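[1] opening piece of the complex, as it sits:
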Amino acid sequence: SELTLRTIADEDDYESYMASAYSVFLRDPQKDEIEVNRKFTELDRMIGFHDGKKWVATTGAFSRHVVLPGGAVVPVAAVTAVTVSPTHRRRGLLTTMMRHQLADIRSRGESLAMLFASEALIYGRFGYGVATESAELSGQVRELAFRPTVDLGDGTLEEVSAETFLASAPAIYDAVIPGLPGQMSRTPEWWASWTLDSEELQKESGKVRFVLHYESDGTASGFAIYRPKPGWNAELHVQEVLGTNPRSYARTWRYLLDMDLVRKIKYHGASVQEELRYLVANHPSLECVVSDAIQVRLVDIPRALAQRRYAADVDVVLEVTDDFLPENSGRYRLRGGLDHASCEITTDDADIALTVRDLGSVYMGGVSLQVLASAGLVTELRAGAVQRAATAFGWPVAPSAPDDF
């Protein structure tokens, strides 16, 4: 079979392309999600191999924008639909698609690519490093009272339709995400996918429901997305809770936790430092399971390092090795702080030796460079450099998982 590397040509090609990706993951095509995700799909970013009659490998990317530590919003390739047919494994198709993709990503001005760890077929390859984690939070709602000093405010709550939700939630989201690195901008089209009452999740629980929190003056200041799972021990499956101030956030959670016929609540994909964890008076009642979320592939190292901000002053020379794309290998001087950042090639002595994968892992402040060094994955060349750089690459607010893609 002669394989052709090409992009999606038309709409029937798109549906066949997406059908093959679901098939590799042992799943039927989710037609409702395929239709709503088409609205922000760029066909010339959806590449793959075709054997003349079917798609045998895929790799796509969405043009998105991600918040960096410090609040800067930079373009990012949201990589998705990474599959190879099981009949075509270990034949170079994944490598070829990824080489073409990273080259196209770099030419578009995107300094990095981001990829959910659940894209298991390329986990930990090609320079992708796990940079963000998520927490699954769960527990009995009767055991999740808040600490008494938590102010709930004078707010009110209303369960509303999707249309009403989408008229207020975007403004709330836009206001909070500058302080939540890892979150991504949501156009109207991305909100449509994020709030879709997908058939897949209805079967797991129930129809999606939307809540809005109002200040006393009527201003929308919080929202929640969740699904009920009636008893078969009724459960609430929370998709997202956000608020522009601590009272609306706490009041919205208190609303979900005080619902009468509910026994258990679950929030998959929360931040490992979700404020809910610290509102609860008795932490052992709220289980916290931590796992991978987002992998980062740095594609333009100097621009990426210069675009984010750093928790403290740092002046360090990094000997960066890029095994997959050796043209990115080089020795860079990083000068950064809270309000400034620059990165340039230098011939001075290197302070730290590390790979582009490990550099990507620490880029969002969710993985300590010091721990990678203590593990033997990163090498300190001059005393005190790793400790100072680890603090600077960290951030007081942990990165969190964006909406699924």
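    Cool, got the structure. Numbers count the residues shown, from 1 in each chain, chains lettered A, B, ... in the order given.
[2] quick one: end-to-end distance for stretch A:17-30.
    13 Å (C-alpha to C-alpha, to the nearest Å).
[3] give the buried residues for that stretch.
    A:17, A:18, A:20, A:21, A:22, A:23, A:24, A:30 (16 or more other C-beta atoms under 10 Å). Where C-beta positions appear, they are placed from N, C-alpha and C, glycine not excepted.
[4] enumerate every residue touching residue A:85.
    A:20, A:24, A:55, A:56, A:57 (C-beta atoms under 8 Å, 6 or more residues apart in numbering).
[5] just the helices in the stretch 301-405 of chain A please.
    A:301-307, A:356-362, A:369-374, A:385-393 (DSSP state H, counting those that start in this stretch).
[6] buried deepest among the ones you listed, which one?
    helix A:356-362 (a mean of 25; mean count of other C-beta atoms under 10 Å).
[7] would you mind measuring from residue A:379 to residue A:346?
    18 Å (C-beta to C-beta, to the nearest Å).
[8] can you report phi and psi for residue A:211?
    phi -120, psi 140 (degrees, to the nearest 10).
[9] who's it bridged to?
    residue A:159, residue A:224 (DSSP bridges).
[10] show me the contacts for it.
    Neighbours of residue A:211 in contact, by C-beta under 8 Å, 6+ apart: A:157, A:158, A:159, A:160, A:223, A:224, A:225, A:226, A:252, A:255, A:256.
[11] list only those of those residues flagged as buried.
    Judged by 16+ other C-beta under 10 Å, buried ones among these: A:157, A:160, A:223, A:224, A:225, A:226, A:252, A:255, A:256.
[12] tell me which element the nearest residue to the last one once chain neighbours are set aside is part of?
    The reference is to residue A:256. Sequence neighbours aside, residue A:236 is the residue nearest to residue A:256 in space, at 5.9 Å (criterion: C-beta to C-beta, 6 or more residues apart in numbering). Per DSSP states H and E, residue A:236 falls inside strand A:235-243.
[13] which other residues reach that strand?
    Contacts of strand A:235-243 (C-beta under 8 Å, 6+ apart): A:141, A:172-173, A:176, A:194, A:201, A:204-205, A:208, A:213, A:221-229, A:249-253, A:256, A:259, A:262-269, A:276, A:403.
[14] so what strands line up beside that strand?
    strand A:220-229 (antiparallel), strand A:264-270 (parallel).
[15] can I get the ones you listed in CSV including distance to residue A:294?
    What follows is the strands paired with strand A:235-243, written out as CSV (distance: least, C-beta to C-beta, whole Å):
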stretch, distance to residue A:294
strand A:220-229, 20
strand A:264-270, 11
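[16] and chain B on top of that:
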Amino acid sequence: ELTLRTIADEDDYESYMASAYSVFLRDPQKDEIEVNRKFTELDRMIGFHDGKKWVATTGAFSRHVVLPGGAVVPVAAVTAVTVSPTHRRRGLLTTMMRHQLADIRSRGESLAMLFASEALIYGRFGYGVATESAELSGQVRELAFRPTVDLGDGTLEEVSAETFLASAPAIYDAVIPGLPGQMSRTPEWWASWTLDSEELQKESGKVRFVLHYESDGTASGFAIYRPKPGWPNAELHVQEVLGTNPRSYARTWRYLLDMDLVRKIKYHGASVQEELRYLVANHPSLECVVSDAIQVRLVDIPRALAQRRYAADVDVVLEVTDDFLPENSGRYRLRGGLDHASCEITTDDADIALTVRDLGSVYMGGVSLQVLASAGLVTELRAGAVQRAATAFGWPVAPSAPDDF
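    The block that follows adds chain B to the chains above:
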């Protein structure tokens, strides 16, 4: 008719400990009671006695804890906090803690530490959760390391407790200056930590000890673990693994993971940033459950803040409120960095308002001050203060739980 008093003699000690186990619905563990007597100070074991039996207890061990920066300071290790079920909610627990904190203050100890598993006083009296632990587990067949992990030329021997105790203290003493939260281990504390307790034999099996030797014969790592034979589901329950360099640590874990007839491994009480988590190539194969470990009660706030070091420079004024011990309330100027730290009463404008409980929570660098502020528990009074203070109160190495007490 109740008397507040300390333990008088050896029969009094055994009755005292028996009542503590009884409150927790357990028979007295004679082997643990016997070995822990060797470092028990009777005049630090207080309680209520009704004339014929003990009805409430609260004890403390004189220990020494590593702070962020490596300084080892004296600390009261609070233990045996019980109240009889017929005397609950009558003020006995509060009275015992007032006397205990006063004695701790009178001994010059700037802080007390308390395991969160002391459920009867969880979150009371100004104690704040400052350290977490992770339960790590998974199928050993799925826990291969990343290929760049150097295992070194080391060798391993399974040894008796006596042989283990001839090498493990020197290894432990060398690594803990970089592991805040760990406590000094005298010979007597090693005897308890390495006790082949009957309780844990029933959960799995007899304790076993491993030593890792460098090529020159130098002991550089150790492991404590118990096997749980199949009931094909044989498990290893790891109690502790440490090494003085990345190679010995990785080689010792590889030894446990490659052991024949082993199916599953479990490490309860690891660090949430346990080096093993980043050695494993496929993170989803190693489940990570995060929970409370150590609560901190600051007893001398200025001295405690001046004893630790800070991840970056900080100059912040803290308005501290102590509800339980109002004599500690006041306005303190903290000036600290990597190599210096001072804390003093000041009349300058306050930057941050918080309780002594929340101050204790961030004290070991395991809880972000920024998250406590975003939750509404801490109040920022002047712009930018919390972010700078949160970074400084953090640490590149997360604190970890010491040996149980």
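[17] since we added chain B, can you redo the contacts of strand A:235-243?
    A:141, A:172-173, A:176, A:194, A:201, A:204-205, A:208, A:213, A:221-229, A:249-253, A:256, A:259, A:262-269, A:276, A:403 (C-beta atoms under 8 Å, 6 or more residues apart in numbering or on different chains).
[18] gap between the two ends of stretch A:245-264?
    26 Å.
[19] over to stretch A:302-322?
    13 Å.
[20] may I see the buried residues of it?
    A:302, A:304-312, A:314, A:316-322 (16 or more other C-beta atoms under 10 Å in any protein chain shown).
[21] among those residues, which ones lie close to chain B?
    A:311, A:312 (C-beta under 8 Å from any C-beta of the partner chain).
[22] are any of the contacts of strand A:235-243 buried, and which?
    A:141, A:172-173, A:176, A:194, A:201, A:205, A:208, A:213, A:221-229, A:249-253, A:256, A:262, A:265-267, A:269, A:276, A:403.
[23] how far does the strand holding residue A:236 sit from its chain's centre?
    17 Å (C-alpha atoms, centre = their mean, to the nearest Å).
[24] check which element follows it along the chain.
    Taking DSSP H and E as the definition, the helix or strand right after strand A:235-243 is helix A:246-257.
[25] which helices and strands does that following helix pack with?
    Packing partners of helix A:246-257 (3 or more C-beta pairs under 8 Å, 6 or more residues apart in numbering or on different chains; DSSP states H and E): strand A:156-160, strand A:209-214, strand A:220-229, strand A:235-243, helix A:276-279.
[26] that older thread, what residues sit buried inside the strand holding residue A:236?
    A:235, A:236, A:237, A:238, A:239, A:240, A:241, A:242, A:243.
[27] check the gap between the closest residue to residue A:259 other than its chain neighbours and residue A:229 for me.
    Closest residue to residue A:259 apart from its sequence neighbours, by C-beta to C-beta, 6 or more residues apart in numbering or on different chains: residue A:236 at 6.8 Å. Taking C-beta to C-beta as the measure, residue A:236 falls 7 Å from residue A:229.
[28] ok, now residue A:317?
    53 Å.
[29] same thing with residue A:157?
    21 Å.
[30] next: residue A:256.
    13 Å.
[31] and for residue A:362?
    38 Å.
[32] can you check residue A:283 too?
    24 Å.
[33] then residue A:358?
    40 Å.
[34] same check, this time on residue A:212
    Counting by C-beta to C-beta, the gap from residue A:212 to residue A:229 is 22 Å.
[35] residue A:319 now?
    Counting by C-beta to C-beta - residue A:319 and residue A:229 are separated by 51 Å.
[36] alongside chain B, which residues does the stretch 201-350 of chain A contribute?
    Counting by C-beta under 8 Å from any C-beta, the stretch 201-350 of chain A sits next to chain B at A:246-247, A:250, A:272-273, A:275, A:278-279, A:281-284, A:287-292, A:311-313, A:338.
[37] can you slot in chain C too:
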Amino acid sequence: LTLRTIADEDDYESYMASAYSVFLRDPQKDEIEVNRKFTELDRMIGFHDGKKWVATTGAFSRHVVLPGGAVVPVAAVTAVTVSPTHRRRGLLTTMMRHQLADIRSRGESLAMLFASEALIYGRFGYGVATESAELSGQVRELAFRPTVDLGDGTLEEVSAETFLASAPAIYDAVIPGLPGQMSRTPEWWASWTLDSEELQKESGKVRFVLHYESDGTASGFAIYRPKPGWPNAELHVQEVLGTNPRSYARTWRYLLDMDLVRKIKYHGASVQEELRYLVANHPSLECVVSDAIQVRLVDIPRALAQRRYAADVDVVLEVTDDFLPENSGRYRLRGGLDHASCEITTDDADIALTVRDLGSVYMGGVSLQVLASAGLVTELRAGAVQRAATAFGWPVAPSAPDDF
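    With chain C now in place:
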């Protein structure tokens, strides 16, 4: 917020949709449509915020069998919900005052409410008066005692239409001796026999059995659903009744000897279901007892005079009604097997109790003596509680009617 009743059919479906939504469920369209046929819109009250319903409380006009066989009108309260954004604001209490007042003005002396209406469990003077049993076990372990006469009867699996031509007459014949059961019009039979999608997913399509005497007379029936194996095939019995002991036992034996069945379940049976005593080895038939029907007495003197009593009783009851204080008072009850009267008196009181606890003992399913030993009922003169407890009992325990 506006307190009002249902206006039309679009208002009705939105009203019912909100009730399911409060209970975290999608609307069951098939059940909503079939239940409309016995719904009176002016008995369906709720709160409306201008665009949606935020609270509901309804009632069906039904008739229930009392101890002794008397059939009295009763309000079958249903659809008690409040939106989660409007909880703890008095809406449920307001609706219940209006409903109980309307119930009293309609001449209904009492209200009945399934305990599964968890949102108002144990409030407003409702007391648990009837229990139900979930019976289950392996069919191969449920042989009957040898003296059980199965008779000469025959069985046929038949369609719903044929079932509805004979089951009402069988039902109407057995319920005079089964307190707690309610009359079933054609509309209620239509709901009771609905092949609901909800229950199809739990098991399978509804099936109907008729038991015929040797002369051809239908004398028993069964409603059940199969749950094929996923060996562990189950039968989910909804109801089995017979006009004589042979038809009842023969119909159960039919279900228990079915070839591919492993386990059987009867949820909502009587705690004194005769099946429990036909089985030779009781431990093979598990019996889990739980609340079924709550009673709210609305006109106390009329209610006690309508039922009959297992033995003679002459007692003075000091009744306290916290929710509806107009019913509070001191009542003299004189009752027996064939007579019953009740009126206000000024004589010395023998027993002090609430209307809730009075409602709990009203159907003979809860012993007044047990309520007294617990401290909920207070004896004022010696020996009164024992005599009243026996009289308020009944040789046949009350049982749960068809769901509403």
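[38] again for the contacts of strand A:235-243, since chain C is there now?
    In contact with strand A:235-243 (C-beta under 8 Å, 6+ apart) are residues A:141, A:172-173, A:176, A:194, A:201, A:204-205, A:208, A:213, A:221-229, A:249-253, A:256, A:259, A:262-269, A:276, A:403.
[39] and if you look at stretch A:149-160?
    A:209-216, A:221-222, A:245-248, A:250-252, A:254-255, A:279, B:355, B:375-377, C:83-85.
[40] tell me the contacts of the residue of chain A found nearest chain C?
    Of all residues in chain A, residue A:228 sits closest to chain C, at 3.8 Å by C-beta to the nearest C-beta. Taking C-beta under 8 Å, 6+ apart as the criterion, residue A:228 is in contact with A:205, A:206, A:207, A:209, A:234, A:235, A:236, A:237, A:262, C:24, C:25.
[41] ok, 7 Å please
    A:205, A:206, A:209, A:234, A:236, C:24 (C-beta atoms under 7 Å, 6 or more residues apart in numbering or on different chains).
[42] ok, what's across the strand from the closest residue to the last one other than its chain neighbours?
    In other words, residue C:24. Spatial nearest neighbour of residue C:24, chain neighbours left out: residue A:228 (3.8 Å); criterion: C-beta to C-beta, 6+ apart. Following DSSP bridges, residue A:228 is listed with bridge partners residue A:236.
[43] thought residue A:337 was touching residue A:306, still the case?
    No - the criterion here is C-beta atoms under 7 Å, and residue A:306 misses it with residue A:337 at 11.9 Å.
[44] what ranges do the strands span in the stretch 1-150 of chain A?
    A:4-7, A:47-50, A:55-67, A:73-84, A:112-116, A:129-140 (DSSP state E, counting those that start in this stretch).
[45] save the ones you listed as TSV, and put in mean neighbour count too.
    Shown next, in TSV, are these (neighbours: other C-beta atoms under 10 Å in any protein chain shown):
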stretch	mean neighbour count
strand A:4-7	13
strand A:47-50	23
strand A:55-67	23
strand A:73-84	22
strand A:112-116	24
strand A:129-140	22
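[46] which SS class is residue A:203?
    Recorded secondary structure, residue A:203: helix (DSSP: H, G, I helix; E, B strand; the rest coil).
[47] could you do residue A:172 as well?
    Per three-state DSSP, residue A:172 ends up helix.
[48] and it, what is it in contact with?
    A:220, A:221, A:222, A:223, A:242, A:244.
[49] how about residue A:296, phi and psi?
    According to degrees, to the nearest 10, residue A:296 has phi -110, psi 130.
[50] partner residues bridging it?
    Beta-bridge partners, per DSSP bridges, of residue A:296: residue A:114, residue A:129.
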